[PDB]
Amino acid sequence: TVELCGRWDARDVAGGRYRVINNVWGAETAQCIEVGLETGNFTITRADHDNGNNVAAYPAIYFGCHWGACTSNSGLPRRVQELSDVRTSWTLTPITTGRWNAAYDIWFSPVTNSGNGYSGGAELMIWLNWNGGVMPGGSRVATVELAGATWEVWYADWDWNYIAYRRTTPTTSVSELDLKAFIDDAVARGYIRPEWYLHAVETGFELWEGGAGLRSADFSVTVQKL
């Protein structure tokens, strides 16, 4: 294993299929993650965050293109209308302290270049677990049954459409979760356009306060085209 403490530190894992990023984007407080190079499994070993109501960091593992940095042979970006199946697996180990969430962050945009972000596109989040009273951005517009569970739907109209699906009850693991079901729901609500491209599927922990001890494991993503 290797411990990454740099603000923008990263490591390609699983033969380059995925990439793990320390990603301390919203604060200057210290954070380190210990990463297993073959699997991408990681534990947050240090997190001095105390950022109030703002997110301090999002240590994560991803598949695809994150702000122009792409993983190897992901097959992304690809148009939503051209996807037939999108699946993912993940196992998280929660802690009982701090203010954080365990959530997927999926990016979409009208264009193929993601180097300058995803303005005019959409950010689709799937919250699986959390602690400390943290809540999604925007407001709750619905509660729907999808992919075997019940989810609160939160929406916010920012530079891009923010859509967050929050499980009604927390969980610690998903195996071959049907991501297309969430994409289809978002499309039906007019939050995502079929012509837009899916750029990246990421998962990790948004940290507001603390976070040491959280573990990410068994990450996998598969995409099948029509």
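When you see a residue number, it is the position in the sequence shown, counting from 1.
- The deposited model assigns a higher average Cα B-factor to 153 to 161 than to the other stretch when 176 to 184 and 153 to 161 are compared.
- Per-stretch averaging of Cα B factors for 80 to 88 and 97 to 105 places 80 to 88 on top.
- Per the PDB record, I192 has a higher Cα B-factor than any other of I44, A60, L198, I192.
- Ranked by Cα temperature factor within the chain, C5 sits in the middle third according to the deposited record.
- Ranked against the other modelled residues of its chain, the C-alpha B-factor of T71 as given in the entry falls in the middle third.
- Remark: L37 belongs to the middle third of its chain, ranked by C-alpha B-factor as recorded.
- For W127, the recorded CA temperature factor ranks within the lowest third of the chain's modelled residues.
- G26: CA B factor in the highest third of modelled residues in this chain (values from the PDB entry).
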